[PDB]
Amino acid sequence: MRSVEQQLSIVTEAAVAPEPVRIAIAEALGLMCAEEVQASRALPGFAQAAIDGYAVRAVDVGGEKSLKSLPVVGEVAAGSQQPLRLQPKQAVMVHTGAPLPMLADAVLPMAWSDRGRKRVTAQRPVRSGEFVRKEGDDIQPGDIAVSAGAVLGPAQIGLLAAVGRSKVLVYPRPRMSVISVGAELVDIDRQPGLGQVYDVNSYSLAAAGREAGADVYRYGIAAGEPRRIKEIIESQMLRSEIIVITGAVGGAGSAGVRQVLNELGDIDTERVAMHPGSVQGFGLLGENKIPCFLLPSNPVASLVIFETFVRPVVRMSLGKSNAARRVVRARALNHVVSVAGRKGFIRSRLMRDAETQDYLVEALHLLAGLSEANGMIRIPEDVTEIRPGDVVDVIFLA
Amino acid sequence: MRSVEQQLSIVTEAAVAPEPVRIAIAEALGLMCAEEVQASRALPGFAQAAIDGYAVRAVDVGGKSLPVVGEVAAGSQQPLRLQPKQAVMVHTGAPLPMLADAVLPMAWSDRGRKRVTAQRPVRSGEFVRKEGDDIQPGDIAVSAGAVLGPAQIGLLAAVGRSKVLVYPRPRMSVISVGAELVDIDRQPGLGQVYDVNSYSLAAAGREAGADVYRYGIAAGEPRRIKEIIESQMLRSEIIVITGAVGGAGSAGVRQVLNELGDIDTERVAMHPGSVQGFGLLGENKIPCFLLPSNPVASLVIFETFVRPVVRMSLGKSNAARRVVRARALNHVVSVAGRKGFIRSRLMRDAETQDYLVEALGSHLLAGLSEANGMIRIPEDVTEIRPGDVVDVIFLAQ
Ligand code: NA
Ligand code: NA
């Protein structure tokens, strides 16, 4: 029997970091960038009018007096695809965002002119560069758009699109395969007969894997002789950083599946000094030693084991810096018993007392265990009783 | 010009609550359940061994060796009858033989295969999961209004429900309009600009909790644009269109939008993002946000008005973002009478754990890069100087 601390050390030390992948930028939302992204295109990609007015050479509208009419030879709107070159002493009507004519260096505001349609007279001077959004004003080639290690949010995705990057290298979510094993199991579209039970765990643990941040594939029930089970597990090893199997621990009924797991890797089935969920296992499969969690058939115990050991492996594989959960001290509302020598993890309801802002916790047979829990009372190994009014550690299930 | 409060009030009241949908239970994770789900069968449907051992009558082991007359594994579908003073080996989960009432654990016996000696007694019912121990008919597995987490998904599977009625995420269509726009896999020619906003606003819609379809660039004459918008109305609770306010470039799309509903383009007393619009399209009055081409302003408008509508469509009551007080690090300018939303970087001072904020508002590259917050400047405040304590909207990732 190992402690919770020793088991957590084993599984976390074995965690496999997924290899970076290059993906379309929209699919990178919430993922950590795995490369430094430099802009290859300027933003804006061309000099633009910053206001409605007339693209000119500043010197032709008094732009160098601080050191009369001009022909209007074109009109440019946003999206214009035709090249336009400004000759000396010429003006081109421009709308905000329009591509500036070549050889212009300023925009005379509409309000600073007589608004002439064929010939325009400047009523006030503009200096060179004024009211122009120059090419590369916001971003130049070589500028760092996204740094390695940054989480890609909506603004970063917008930045990638603004510099013409359609794909980006990211650290992907760890891939998890969830498998249920047992001759008693039937899927939820079937009618269980004598000796048959619905496959609860593949659905609940796949959901817990998604909430933890993994890229989860629910295989469901793996049925057949051990060689067929081995075939199934091997196929999941090709596509997984984490494998979770229920029904592989418990007794003689899983001797065959454990035999096949021993042919695929190093399997450890030493118990953990915890409750519920003392009976569990952990293996490293294949040449890359992929973590394989062996969980029991009990759905409540499996969820507790998943939260205690699988979720931290998911979080570190994601590049997260807080692996564990927040732990708060709360006042017990009801009586709880615990095994002497085993750490207790009691699914509970954590609340704030309106009259004192103090945290209160209520401990919550399958219906009660699978009910609405936002906390787990963490009972030390040597503690055997919790009474109302006792202050206890509560793991907050955010 | 209307205030931020007035515009937020307008869009919130127009939010469309999605109709419930029946979906596969795995796809219901994190959604609110829209129906009461009752168990129809007792769980388990049969007495099963809770451990490896010997199914017996407790009285026969002192609750004297017993002959072992069979072995039952998990998944056995045939009934088996235990005679007096007999034992049958059982695996965990195996159906208990009829007329047995307890399981003697393997470790509490001499492990005999033909005759078994109990080392200590077990009482009636011990190590047995009786029929209906887990769930009884009529038991409420999931209540209407409960959020479906992993445990509730497990409960739905335990009562044999493959599908469940839920309140779905609001469907949002994101559309970009403008003759200058090209998609990001193209090489922009003369006058062409990458379509930034459809990507950034679709991503913001997903983070807000919407079911987002990014239509991308809607191109063509106004009648074709109307055709596109009408198709998006069939599948949306929210529509977001950029490039429909700004100038002459959007005259066509505003014309067809006015044919589909009542469009309001009154400016909002805010900066950035004063230029915007809002309409309700078709007989189902689908909210339609008209956002500008400026990507920073569009993200600010989305955060300020679209995100609350998403959260309102989800039925959430908790405030939008957390607001923390922080010490200003640099100077910020604001117009009197307009609410400021300045993208900023919020940090904690190591020497005192106090919150500090640095305003990032060229500035677009920095503003969209290292930003985790927005300084919220009141209408009557015209300047923030270093050392000022200000409200910072925390943009949690
Ligand atoms: Na204990
Ligand atoms: Na102000």
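Note that ligands are numbered from 1 as they come in the structure, with each ligand's atoms numbered from 1 the same way. A note on names: the letters A, B, ... follow the listed sequences, proteins ahead of strands, and every chain is numbered from 1.
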Any side-chain donor near an acceptor of the partner, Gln7(B) and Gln276(B), under 3.5 Å: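 There is such a pair between these side chains.
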3.0 Å cut-off met by an N, O or S atom of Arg342(A) to the Na ion (ligand 1):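 Coordinating: yes.
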N/O/S from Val339(A) sitting under 3.0 Å away from the Na ion (ligand 1):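 Under 3.0 Å: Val339(A) contacts the Na ion (ligand 1) through an N, O or S atom.
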Gap between atom CZ of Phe396(A) and atom OG of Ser348(A) - 0.5 Å precision: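 Answer rounded to 0.5 Å: 13.5 Å.
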State whether [X] contributes an N/O/S atom found under 3.0 Å from the Na ion (ligand 2).
{"X": "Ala336(B)", "answer": "no"}
{"X": "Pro378(B)", "answer": "yes"}
{"X": "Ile377(B)", "answer": "no"}

Residues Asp134(B) and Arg129(B) bridged, charged N to O under 4.0 Å: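 Looking at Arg129(B) together with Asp134(B), the answer is yes, because their closest N to O distance falls below 4.0 Å.
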Residues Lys339(B), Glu5(B): salt bridge by 4.0 Å N-O rule: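 No, this pair does not count.
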Verdict with supporting geometry, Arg2(A) and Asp268(A), salt bridge (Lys or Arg N to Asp or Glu O under 4.0 Å): CA-CA 11 Å; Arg2(A) 255 177 317 240; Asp268(A) 179 295; 2.7 Å; yes
Vertex the Na ion (ligand 1), rays to O in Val383(A) and OG in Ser338(A) - rounded to 10°: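 Value returned, to the nearest 10°, is 80°.
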Atom of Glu379(B) nearest the Na ion (ligand 2) (restricted to N/O/S, atom name only):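 That would be atom O.
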Exam field: side chain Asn201(A) to backbone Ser297(A), donor-acceptor pair closer than 3.5 Å: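 Checking the backbone N and O of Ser297(A) against the side chain of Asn201(A), a donor-acceptor pair under 3.5 Å is found.
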